[PDB]
Amino acid sequence: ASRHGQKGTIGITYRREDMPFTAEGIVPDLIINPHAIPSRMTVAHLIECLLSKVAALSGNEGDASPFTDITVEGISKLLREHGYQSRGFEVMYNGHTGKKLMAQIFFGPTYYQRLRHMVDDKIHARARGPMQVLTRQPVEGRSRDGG
Amino acid sequence: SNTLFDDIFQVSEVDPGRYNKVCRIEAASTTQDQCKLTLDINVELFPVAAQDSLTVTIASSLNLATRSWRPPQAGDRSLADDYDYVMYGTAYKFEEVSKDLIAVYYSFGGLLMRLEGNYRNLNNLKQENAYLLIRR
Amino acid sequence: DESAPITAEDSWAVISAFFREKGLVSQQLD
Amino acid sequence: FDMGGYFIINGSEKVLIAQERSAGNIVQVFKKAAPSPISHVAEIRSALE
Amino acid sequence: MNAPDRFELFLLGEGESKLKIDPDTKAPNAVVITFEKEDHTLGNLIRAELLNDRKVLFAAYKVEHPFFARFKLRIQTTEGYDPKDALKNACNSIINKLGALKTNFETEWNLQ
Amino acid sequence: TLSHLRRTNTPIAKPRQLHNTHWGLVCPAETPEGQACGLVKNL
Amino acid sequence: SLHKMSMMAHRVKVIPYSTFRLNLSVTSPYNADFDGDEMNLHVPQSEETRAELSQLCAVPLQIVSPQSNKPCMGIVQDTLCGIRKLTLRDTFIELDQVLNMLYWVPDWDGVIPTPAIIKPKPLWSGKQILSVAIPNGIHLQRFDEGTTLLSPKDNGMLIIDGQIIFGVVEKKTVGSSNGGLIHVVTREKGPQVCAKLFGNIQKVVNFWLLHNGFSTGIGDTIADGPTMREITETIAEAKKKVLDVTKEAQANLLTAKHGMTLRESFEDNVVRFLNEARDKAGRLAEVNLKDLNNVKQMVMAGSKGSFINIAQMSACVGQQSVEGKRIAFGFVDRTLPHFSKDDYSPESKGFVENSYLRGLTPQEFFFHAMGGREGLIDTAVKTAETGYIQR
Amino acid sequence: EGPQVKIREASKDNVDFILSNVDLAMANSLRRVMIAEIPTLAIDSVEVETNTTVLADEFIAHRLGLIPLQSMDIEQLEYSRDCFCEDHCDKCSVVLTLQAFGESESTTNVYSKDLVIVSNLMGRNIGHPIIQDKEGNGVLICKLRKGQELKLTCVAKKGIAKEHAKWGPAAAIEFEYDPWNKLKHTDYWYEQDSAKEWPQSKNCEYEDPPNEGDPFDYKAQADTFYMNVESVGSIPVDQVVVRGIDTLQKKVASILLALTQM
Amino acid sequence: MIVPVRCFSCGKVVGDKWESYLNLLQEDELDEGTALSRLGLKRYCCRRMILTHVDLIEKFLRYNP
Amino acid sequence: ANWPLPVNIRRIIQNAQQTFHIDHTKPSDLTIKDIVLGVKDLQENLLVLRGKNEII
Amino acid sequence: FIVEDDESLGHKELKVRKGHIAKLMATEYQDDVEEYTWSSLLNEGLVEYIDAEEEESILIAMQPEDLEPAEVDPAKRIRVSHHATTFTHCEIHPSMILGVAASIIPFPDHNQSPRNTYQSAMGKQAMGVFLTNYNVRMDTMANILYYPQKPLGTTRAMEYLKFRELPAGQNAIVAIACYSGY
Amino acid sequence: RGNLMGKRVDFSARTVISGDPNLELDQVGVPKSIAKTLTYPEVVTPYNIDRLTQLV
Amino acid sequence: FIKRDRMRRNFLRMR
Ligand SMILES: [Mg+2]
Ligand SMILES: [Zn+2]
Ligand SMILES: [Zn+2]
């Protein structure tokens, strides 16, 4: 999950080469889907990426505190001076054919956190395991081999 | 095999509406005062303007229906060696608006061609999968 | 100068002093 | 970095969540939507400190 | 359980060839070849070379599912052109390009 | 850990609504979702 | 699991490492989405059971939901968003790529359709390539507003023997629509075919989308300088509407129509103005935005969002509410200690005028918390009530 | 001839050049070779004897894996599965050991340089840890204070990045063609004008301007790729491209070879 | 917690770059953004790594073994 | 005018045209005798119920 | 803060000025000892303590220099003015109305409010480093993150949560794209 | 309720889900681990004896 | 307009 309630699991892991890459050879480590944004209106998650891309380049730390005068432009115009597109976009190439993507990509670092719900602590199956004592229906609880 | 219909067309108007690669054509025949044509045209492979004298053809086939496409080999004696722009498609409506003036509708994979005129010229064009050839 | 009115930014020092004297779990201790 | 605020019971950390309650020794005025003859009730939970 | 060792990832699995040339039904003188142990890096390279061939009618490939080092490839030549040997032509062409290119690259670097 | 040590509880007018007076005394955001919503607040 | 849909029989494809995988289009009937949701699977134990699954609870058979006699499953994701981009008139595909896309159709006959453009550079259009996945004999037409056999704005839809003729493929055509295409396939060629339809449409569009790409960025919410200014005029004019009404009430002038009090009537015009103002302002946003703007592409495809979302992101958050009314006076005559008493102006009673693009002020922000919270409590209650009632 | 090369600049571990007169697919296909399918040597197996650090065993063991070693003569070794050896052999692997002991009262940092070969090399130039810093120190492996010890023995094996990223001969691979968007392969998202907003690429000057005011050459193709390899340090850059081309040459040769099975 | 080996995205070996980086601030009092210019992580797939790393292992060593 | 109903007739007609390739500008080979009768002939096969009593 | 509407400057102004602000930071950067603490502010009566009931009969101005003195980028959020004059208190910093979990959210005022709630929920179950002595605690089901990282888009408050010293995640490089449909 | 109108069962599994466009609509991805655990009985018939024997 | 760290020496300058 990000820092904006966009929790989601991993779909699949792609190797380094197959991932899309910008002109500088930087392959993103994580890809999320656009359709999450308009419905949830989590604009902040976009800005943080925009701000962070500036912070890493310049060396500042993004003063992302809630109520300041920091506009988008102040980040945006600042970004332009570093030689990247003002809105955080970036030309990117498909990793399969190495052909320019017809559309640009929003890109940049963003804080991500790992959550407890690992798959290995949620998956189980049962084929004629132990039953209860009172009712002789199968027991509950994956730890105790539930049903 | 034979040109199902041919005429020389002057663009009464071009509408470059709303898009980057396609536009509208307002063609009025100098030859006949009643054959008006509207057709989507790709600007990139055929830039246009007002009052452009354009040859228009139909050409049900190119020989000089169970035919998988293949690239031309070398100077093969197909048509459009005299023309410059070719689109393949198929009509989907015959409409008789009025007196023997008859109008037709063709779609070239999303590119649409509306052509109208008297009956006697347009008898021979009956819903066949047609080509389209343009020069000048 | 020292008599001039303060800007918004200076309040963080106050907040930093506030946490320095109290800490986050004051009331539990208090 | 640990800052206390919690007791240790038989080797287990425990925390007393703050509890909430209405004010003591305070008068309050309530209506009564019910058809009960008491239109308004001026409740007060008194207490000795 | 399920996760394979990685010599079978690129070296041939036992008993079966690295490729499976399969006669096709849709078109005469057309074929499908199943390349095991390899993926895009080899695949898309092969496909582009084929298009150079004039006598080739149809040539495309796809990767079935991202979990495997396999991908299909469908080649359709004109009549009187064996796809196997039609494929054979492509490989020599590429290696000749590479073999030249390494020499060409060596030259520039060796001039430093 | 820190949030836990600053957690409030409330046994069961309508308390779940974020009341105007809650301004700057309890967090207008941090509240567990579900059976506890509104009932559990944090300073 | 409160549908007959919510349980369906599948076919097992054993796979590598430990998750459950399913086709994307089936995510709708389950109301499932990979936010970490878990799903149980059951294995029959007898031939009679197995048949009773594969012959009654078959995923293809559940396509036409008897709940509302319209398809419950459709092409609903990026695939939907992507396919719209594939069906524009401006879209074209070169031969080299057209071969792979064709190959992706598992049941493709083995024929290369003649490109819609030759001389020069034989070129294809998405509509034809898309038509390959559509089985032959399918016929369907939709004549929306402004529809014409000429189709100037390319609305509507028309297919003939599995060949798109004009129209832009979108939710209103391939989504879960009453007269949608997927509805027709089921009735015409049975449901069994219609399963193959998903297997074709998806892999094609996804493959093409993967090589055309699609993304959204901050700029997608940015409005033009002029448009932002026009928005401000729209907001300001609303205040004047409010201001005059406010004083009229203070002069004992406003006359409530029969059936509600003066304050009751007074609130009606106030709220109606603010909602009008926002919705009028949102119109400024949606009209202005370039067709390149992705969030307008997604909205037009219908795959996510709506008009309201882009209105709040770009134009204005609008008026918060509680119990249908504005933010009442929690304190004495005033909503917050930051205001003087008796302030019915919209920014005091709980109207946010800023937009998510440029953040909210505290007073505004705090209000939005209450308005946001009220949904959570309600959503919690609806889970409590609706679930019980349904039982 | 065939495709052409031209070097612009070359550092100790970076090389920039311009690959011209070659199909787009091969250029990309070359890229994917360099990133993943190149042989390389890295620590594979660890057997911790004494650990008293504030760090987990596998933690330290994992970091040991990501330590680059000199691997010029990697071909002079045998793939781990190919040997009939008993879990390793001098011709199959390189055995590395490390003894670290905090003795100074201030913290004693453990560096890559403290690794030592404890096996025969047969004169190979492989197994030496790469020291890319000028200051002779290795990569900071672990910090120790007096009273802590670290005795372990690593085993380095010939691996390929496609398995794990440790065997990665290369780092970020810059890659670009058609700096001016004259091939129309991309539509520039813009608010007022793409040109004012999208900065020009560093290589836009190296090719002629778009020469606006002319029809777009629809039948033109793509060449003149501006790649830039950046070796991590295991092998010099010149090898990377050369060995990458070599490997790609091998695989296609393998197809043609396997094709002869009839 | 201690100077991660090569940056996840790029892969430029970054472990040796740490102490030099630390040497800069306590001695030359550079700005970090200017520092890395002197340091040589000109890309930003690494320029993140040193910038936002936490050196927790230092506080770990405060515990007598 | 729109009400949810059983089998669609609009769509059925379309298939007929596209199946038989209706050659317009032609006289139909139908008889008015057949049309009216055929409709009434068909209407006695739409058997929701199978019984034979008056009630059914 | 305590507002003194009486002032020779012709308008309201705070009882706190640069001097104390200077003095406050002086105490911090000592690490000669004077320790001019927070309590000294209360002892000087520059900042007041207020409960809910006391809030009933006061007039709190939002930002000090934004409103206390009497009397343009559209991208700046539109605010209200200081038409009112009879203030008594000004908020120390409006961002402090949030809790512990909430404060970590970058740009929360740029979010749909329920989203903030969700982050505050998950943020409690964010894998990280809970204490620096985890090697001697024998607790059940402890979780430690291999290579933590301070967030790039930090928050002014976050420094006061020691978050920069005990982070709970990594700065991943994320590209938003319908790339492979997965 | 808890034991007649609803009861636990064997031959069932639960885990997390994940999309995959490359599956036929009526399919489902199942981890090979579960497949090795869950099982469905089959009858020894002449048509499948050898195959079933092979599985043994 | 970002965070700051180096204002401390001004106090020494103020001293
Ligand atoms: Mg869910
Ligand atoms: Zn060996
Ligand atoms: Zn890097």
# chains A, B, ... in the order shown; residues from 1 in each chain; ligands from 1
call {"tool": "residues_near_ligand", "arguments": {"ligand": "ligand 3", "cutoff": "9 Å", "atoms": "only C-alpha atoms and all ligand atoms", "output": "tab-separated table (two decimals) with C-alpha atoms, in the first residue's frame"}}
result
chain	number	residue	atom	x	y	z
A	26	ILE	CA	15.80	3.50	-15.33
H	171	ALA	CA	23.86	-1.56	-14.80
H	172	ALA	CA	21.40	0.95	-16.25
I	6	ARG	CA	23.63	-1.77	-5.42
I	7	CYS	CA	20.52	0.38	-5.93
I	8	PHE	CA	17.43	-1.66	-6.68
I	9	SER	CA	16.39	0.04	-9.90
I	10	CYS	CA	19.76	0.76	-11.51
I	11	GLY	CA	22.33	-1.49	-9.87
I	12	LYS	CA	25.35	0.82	-9.54
I	13	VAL	CA	27.35	-0.63	-6.66
I	14	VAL	CA	26.69	1.90	-3.94
I	41	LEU	CA	25.90	9.11	-8.75
I	43	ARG	CA	21.70	9.22	-12.35
I	44	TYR	CA	18.83	9.33	-9.85
I	45	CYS	CA	17.98	5.65	-9.47
I	46	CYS	CA	20.91	5.72	-7.05
I	47	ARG	CA	20.71	9.39	-6.10
I	48	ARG	CA	17.76	8.24	-4.02
I	49	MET	CA	19.59	5.43	-2.26
call {"tool": "residues_near_ligand", "arguments": {"ligand": "ligand 1", "cutoff": "8 Å", "atoms": "only C-alpha atoms and all ligand atoms", "output": "list in words"}}
result
residues 32, 33, 34, 35, 36 and 37 of chain G
call {"tool": "interface_residues", "arguments": {"of": "chain M", "to": "chain C", "cutoff": "12 Å", "atoms": "only C-alpha atoms", "output": "list in words"}}
result
residues 1, 2, 3, 4 and 14 of chain M
call {"tool": "closest_atom_pairs", "arguments": {"of": "chain H", "to": "ligand 2", "cutoff": "8 Å", "atoms": "only C-alpha atoms and all ligand atoms", "output": "CSV"}}
result
residue,atom,partner,partner_atom_place_in_ligand_line,distance
H:78,CA,ligand 2,1 (Zn),6.4
H:79,CA,ligand 2,1 (Zn),7.1
H:80,CA,ligand 2,1 (Zn),5.4
H:81,CA,ligand 2,1 (Zn),7.3
H:82,CA,ligand 2,1 (Zn),7.0
H:83,CA,ligand 2,1 (Zn),4.1
H:84,CA,ligand 2,1 (Zn),6.4
H:85,CA,ligand 2,1 (Zn),4.6
H:86,CA,ligand 2,1 (Zn),7.2
H:87,CA,ligand 2,1 (Zn),6.8
H:88,CA,ligand 2,1 (Zn),4.3
H:89,CA,ligand 2,1 (Zn),4.2
H:90,CA,ligand 2,1 (Zn),6.8
H:91,CA,ligand 2,1 (Zn),5.7
H:92,CA,ligand 2,1 (Zn),3.2
H:93,CA,ligand 2,1 (Zn),6.0
call {"tool": "select_by_dssp", "arguments": {"residues": "chain D", "states": "strand (DSSP E or B)", "output": "ChimeraX atom specification"}}
result
/D:7-9,12-14,18-19,27,30-31,40-41,44
call {"tool": "closest_atom_pairs", "arguments": {"of": "chain E", "to": "chain L", "cutoff": "8 Å", "atoms": "only C-alpha atoms", "output": "Markdown table"}}
result
| residue | atom | partner | partner_atom | distance |
| --- | --- | --- | --- | --- |
| E:1 | CA | L:33 | CA | 7.1 |
| E:2 | CA | L:32 | CA | 6.5 |
| E:64 | CA | L:22 | CA | 7.6 |
| E:65 | CA | L:22 | CA | 6.7 |
call {"tool": "write_last_selection", "arguments": {"atoms": "N, CA, C and O atoms", "output": "PDB file, in the first residue's frame"}}
result
ATOM      1  N   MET E   1       8.675 -28.744  -5.319  1.00  0.00           N
ATOM      2  CA  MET E   1       7.277 -28.872  -5.707  1.00  0.00           C
ATOM      3  C   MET E   1       7.062 -28.519  -7.177  1.00  0.00           C
ATOM      4  O   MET E   1       6.790 -29.394  -8.000  1.00  0.00           O
ATOM      5  N   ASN E   2       7.189 -27.233  -7.492  1.00  0.00           N
ATOM      6  CA  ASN E   2       6.806 -26.727  -8.804  1.00  0.00           C
ATOM      7  C   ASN E   2       7.906 -25.921  -9.483  1.00  0.00           C
ATOM      8  O   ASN E   2       7.977 -25.889 -10.716  1.00  0.00           O
ATOM      9  N   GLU E  64       2.936 -17.067 -24.740  1.00  0.00           N
ATOM     10  CA  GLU E  64       1.666 -17.542 -24.211  1.00  0.00           C
ATOM     11  C   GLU E  64       1.404 -16.984 -22.821  1.00  0.00           C
ATOM     12  O   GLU E  64       0.433 -16.254 -22.605  1.00  0.00           O
ATOM     13  N   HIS E  65       2.261 -17.313 -21.862  1.00  0.00           N
ATOM     14  CA  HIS E  65       2.051 -16.857 -20.511  1.00  0.00           C
ATOM     15  C   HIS E  65       3.386 -16.494 -19.876  1.00  0.00           C
ATOM     16  O   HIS E  65       4.359 -17.253 -20.016  1.00  0.00           O
TER      17      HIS E  65
END
call {"tool": "closest_atom_pairs", "arguments": {"of": "chain A", "to": "chain G", "cutoff": "7 Å", "atoms": "only C-alpha atoms", "output": "JSON lines"}}
result
{"residue": "A:7", "atom": "CA", "partner": "G:35", "partner_atom": "CA", "distance": 6.1}
{"residue": "A:8", "atom": "CA", "partner": "G:35", "partner_atom": "CA", "distance": 4.4}
{"residue": "A:9", "atom": "CA", "partner": "G:36", "partner_atom": "CA", "distance": 5.8}
{"residue": "A:34", "atom": "CA", "partner": "G:216", "partner_atom": "CA", "distance": 5.9}
{"residue": "A:35", "atom": "CA", "partner": "G:304", "partner_atom": "CA", "distance": 6.0}
{"residue": "A:38", "atom": "CA", "partner": "G:305", "partner_atom": "CA", "distance": 5.1}
{"residue": "A:39", "atom": "CA", "partner": "G:305", "partner_atom": "CA", "distance": 4.3}
{"residue": "A:41", "atom": "CA", "partner": "G:309", "partner_atom": "CA", "distance": 6.5}
{"residue": "A:43", "atom": "CA", "partner": "G:357", "partner_atom": "CA", "distance": 6.6}
{"residue": "A:46", "atom": "CA", "partner": "G:218", "partner_atom": "CA", "distance": 6.2}
{"residue": "A:47", "atom": "CA", "partner": "G:218", "partner_atom": "CA", "distance": 6.9}
{"residue": "A:67", "atom": "CA", "partner": "G:361", "partner_atom": "CA", "distance": 6.9}
{"residue": "A:71", "atom": "CA", "partner": "G:358", "partner_atom": "CA", "distance": 6.6}
{"residue": "A:87", "atom": "CA", "partner": "G:219", "partner_atom": "CA", "distance": 5.8}
{"residue": "A:94", "atom": "CA", "partner": "G:211", "partner_atom": "CA", "distance": 6.7}
{"residue": "A:101", "atom": "CA", "partner": "G:212", "partner_atom": "CA", "distance": 5.5}
{"residue": "A:102", "atom": "CA", "partner": "G:212", "partner_atom": "CA", "distance": 5.0}
{"residue": "A:103", "atom": "CA", "partner": "G:213", "partner_atom": "CA", "distance": 5.5}
{"residue": "A:104", "atom": "CA", "partner": "G:215", "partner_atom": "CA", "distance": 6.8}
{"residue": "A:105", "atom": "CA", "partner": "G:215", "partner_atom": "CA", "distance": 5.3}
{"residue": "A:106", "atom": "CA", "partner": "G:217", "partner_atom": "CA", "distance": 5.2}
call {"tool": "atom_distance", "arguments": {"atom1": "CA of residue 104 in chain E", "atom2": "CA of residue 1 in chain H"}}
result
8.9 Å
call {"tool": "residues_around", "arguments": {"residues": "residue 123 in chain A", "least_positions_apart": "6", "cutoff": "8 Å", "atoms": "only C-alpha atoms", "output": "mmCIF file with N, CA, C and O atoms, in the first residue's frame"}}
result
data_model
loop_
_atom_site.group_PDB
_atom_site.id
_atom_site.type_symbol
_atom_site.label_atom_id
_atom_site.label_comp_id
_atom_site.auth_asym_id
_atom_site.auth_seq_id
_atom_site.Cartn_x
_atom_site.Cartn_y
_atom_site.Cartn_z
ATOM 1 N N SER G 18 1.817 -19.474 -5.397
ATOM 2 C CA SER G 18 0.540 -19.651 -4.707
ATOM 3 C C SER G 18 -0.382 -18.440 -4.714
ATOM 4 O O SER G 18 -0.397 -17.675 -3.751
ATOM 5 N N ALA L 13 -10.420 -24.934 -0.381
ATOM 6 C CA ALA L 13 -9.239 -24.143 -0.094
ATOM 7 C C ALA L 13 -9.579 -22.676 -0.261
ATOM 8 O O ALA L 13 -10.535 -22.313 -0.946
ATOM 9 N N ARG L 14 -8.787 -21.833 0.386
ATOM 10 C CA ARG L 14 -8.938 -20.398 0.237
ATOM 11 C C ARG L 14 -7.562 -19.759 0.222
ATOM 12 O O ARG L 14 -6.657 -20.201 0.932
ATOM 13 N N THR L 15 -7.402 -18.748 -0.625
ATOM 14 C CA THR L 15 -6.177 -17.964 -0.712
ATOM 15 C C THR L 15 -6.519 -16.625 -1.347
ATOM 16 O O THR L 15 -7.691 -16.266 -1.480
ATOM 17 N N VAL L 16 -5.498 -15.894 -1.757
ATOM 18 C CA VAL L 16 -5.698 -14.582 -2.347
ATOM 19 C C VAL L 16 -5.809 -14.724 -3.857
ATOM 20 O O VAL L 16 -5.267 -15.650 -4.463
#
call {"tool": "residues_around", "arguments": {"residues": "range 17-26 of chain I", "least_positions_apart": "2", "cutoff": "9 Å", "atoms": "only C-alpha atoms", "output": "ChimeraX atom specification"}}
result
/H:133,139-140 /I:3,13-15,28-32,35-36,39-41,50
call {"tool": "select_by_dssp", "arguments": {"residues": "chain B", "states": "alpha helix (DSSP H)", "output": "list in words"}}
result
residues 119, 120, 121 and 122 of chain B
call {"tool": "write_last_selection", "arguments": {"atoms": "N, CA and C atoms", "output": "compact mmCIF listing (two decimals), in the first residue's frame"}}
result
# COMPACT_ATOMS: atom_id res chain seq x y z
N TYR B 119 -29.16 7.62 -61.66
CA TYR B 119 -29.19 6.17 -61.73
C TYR B 119 -28.29 5.66 -62.85
N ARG B 120 -28.42 6.24 -64.05
CA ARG B 120 -27.81 5.67 -65.24
C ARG B 120 -26.31 5.52 -65.10
N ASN B 121 -25.66 6.39 -64.35
CA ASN B 121 -24.24 6.22 -64.08
C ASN B 121 -23.98 5.10 -63.09
N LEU B 122 -24.83 4.97 -62.07
CA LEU B 122 -24.52 4.17 -60.90
C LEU B 122 -25.18 2.80 -60.91
call {"tool": "residues_around", "arguments": {"residues": "residue 42 in chain L", "least_positions_apart": "6", "cutoff": "10 Å", "atoms": "only C-alpha atoms", "output": "list in words"}}
result
residues 45, 46 and 47 of chain G; 48 and 52 of chain L
call {"tool": "write_last_selection", "arguments": {"atoms": "C-alpha atoms", "output": "compact mmCIF listing (two decimals), in the first residue's frame"}}
result
# COMPACT_ATOMS: atom_id res chain seq x y z
CA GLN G 45 -16.51 -35.57 -5.31
CA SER G 46 -18.70 -37.46 -7.78
CA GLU G 47 -19.47 -37.65 -11.47
CA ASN L 48 -8.37 -44.78 -17.97
CA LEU L 52 -4.74 -43.89 -13.33
call {"tool": "interface_residues", "arguments": {"of": "chain E", "to": "chain G", "cutoff": "6 Å", "atoms": "only C-alpha atoms", "output": "list in words"}}
result
residues 26, 60 and 61 of chain E
call {"tool": "write_last_selection", "arguments": {"atoms": "N, CA and C atoms", "output": "compact mmCIF listing (two decimals), in the first residue's frame"}}
result
# COMPACT_ATOMS: atom_id res chain seq x y z
N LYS E 26 -4.11 -24.27 -41.20
CA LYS E 26 -4.80 -23.14 -41.81
C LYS E 26 -4.28 -22.86 -43.22
N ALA E 60 4.87 -14.38 -37.45
CA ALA E 60 4.63 -13.70 -36.19
C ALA E 60 4.81 -14.67 -35.04
N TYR E 61 4.99 -14.11 -33.85
CA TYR E 61 5.23 -14.89 -32.65
C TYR E 61 4.46 -14.28 -31.50
call {"tool": "residues_around", "arguments": {"residues": "residue 63 in chain B", "least_positions_apart": "5", "cutoff": "8 Å", "atoms": "only C-alpha atoms", "output": "list in words"}}
result
residues 1, 77, 78 and 79 of chain B
call {"tool": "residues_around", "arguments": {"residues": "residue 154 in chain K", "least_positions_apart": "2", "cutoff": "8 Å", "atoms": "only C-alpha atoms", "output": "list in words"}}
result
residues 61, 62, 63, 64 and 65 of chain A; 104, 106, 150, 151, 152, 156 and 158 of chain K
call {"tool": "interface_residues", "arguments": {"of": "chain H", "to": "chain K", "cutoff": "10 Å", "atoms": "only C-alpha atoms", "output": "CSV table (one decimal) with N, CA and C atoms, in the first residue's frame"}}
result
chain,number,residue,atom,x,y,z
H,54,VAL,N,25.2,-7.7,14.9
H,54,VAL,CA,23.9,-7.3,15.2
H,54,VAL,C,23.0,-7.5,13.9
H,55,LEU,N,23.6,-8.3,13.0
H,55,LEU,CA,22.9,-8.5,11.7
H,55,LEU,C,22.6,-10.0,11.6
H,56,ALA,N,21.5,-10.3,10.9
H,56,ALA,CA,21.1,-11.7,10.7
H,56,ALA,C,22.0,-12.4,9.8
H,59,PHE,N,20.9,-12.2,6.1
H,59,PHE,CA,21.2,-10.8,5.9
H,59,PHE,C,22.6,-10.5,5.4
call {"tool": "interface_residues", "arguments": {"of": "chain A", "to": "chain E", "cutoff": "10 Å", "atoms": "only C-alpha atoms", "output": "list in words"}}
result
residues 12, 13, 14, 17, 18, 95, 96, 97 and 98 of chain A
call {"tool": "atom_distance", "arguments": {"atom1": "CA of residue 55 in chain A", "atom2": "CA of residue 111 in chain A"}}
result
12.4 Å
call {"tool": "atom_distance", "arguments": {"atom1": "CA of residue 15 in chain H", "atom2": "CA of residue 101 in chain E"}}
result
16.7 Å
call {"tool": "decode", "arguments": {"residues": "range 3-12 of chain M", "atoms": "N, CA, C and O atoms", "output": "mmCIF file, in the first residue's frame"}}
result
data_model
loop_
_atom_site.group_PDB
_atom_site.id
_atom_site.type_symbol
_atom_site.label_atom_id
_atom_site.label_comp_id
_atom_site.auth_asym_id
_atom_site.auth_seq_id
_atom_site.Cartn_x
_atom_site.Cartn_y
_atom_site.Cartn_z
ATOM 1 N N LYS M 3 12.417 22.051 3.057
ATOM 2 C CA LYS M 3 12.954 22.022 4.411
ATOM 3 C C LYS M 3 14.338 22.665 4.464
ATOM 4 O O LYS M 3 14.962 22.948 3.439
ATOM 5 N N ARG M 4 14.815 22.900 5.685
ATOM 6 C CA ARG M 4 16.086 23.571 5.909
ATOM 7 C C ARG M 4 16.842 22.909 7.056
ATOM 8 O O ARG M 4 16.253 22.262 7.924
ATOM 9 N N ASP M 5 18.170 23.064 7.035
ATOM 10 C CA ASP M 5 19.014 22.560 8.119
ATOM 11 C C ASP M 5 20.098 23.519 8.594
ATOM 12 O O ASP M 5 20.548 23.377 9.737
ATOM 13 N N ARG M 6 20.525 24.497 7.794
ATOM 14 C CA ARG M 6 21.790 25.187 8.018
ATOM 15 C C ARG M 6 21.640 26.577 8.623
ATOM 16 O O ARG M 6 22.576 27.377 8.534
ATOM 17 N N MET M 7 20.501 26.886 9.237
ATOM 18 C CA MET M 7 20.317 28.196 9.847
ATOM 19 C C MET M 7 20.970 28.314 11.220
ATOM 20 O O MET M 7 20.995 29.416 11.780
ATOM 21 N N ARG M 8 21.504 27.216 11.760
ATOM 22 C CA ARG M 8 21.954 27.195 13.150
ATOM 23 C C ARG M 8 23.079 28.193 13.392
ATOM 24 O O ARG M 8 23.081 28.912 14.398
ATOM 25 N N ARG M 9 24.049 28.255 12.475
ATOM 26 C CA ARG M 9 25.215 29.106 12.683
ATOM 27 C C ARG M 9 24.855 30.584 12.753
ATOM 28 O O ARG M 9 25.655 31.378 13.260
ATOM 29 N N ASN M 10 23.680 30.972 12.252
ATOM 30 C CA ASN M 10 23.237 32.354 12.398
ATOM 31 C C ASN M 10 23.113 32.736 13.866
ATOM 32 O O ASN M 10 23.346 33.893 14.237
ATOM 33 N N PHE M 11 22.734 31.777 14.717
ATOM 34 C CA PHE M 11 22.706 32.031 16.153
ATOM 35 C C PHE M 11 24.101 32.334 16.683
ATOM 36 O O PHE M 11 24.279 33.236 17.510
ATOM 37 N N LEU M 12 25.105 31.586 16.219
ATOM 38 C CA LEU M 12 26.487 31.933 16.531
ATOM 39 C C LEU M 12 26.852 33.286 15.935
ATOM 40 O O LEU M 12 27.580 34.070 16.553
#
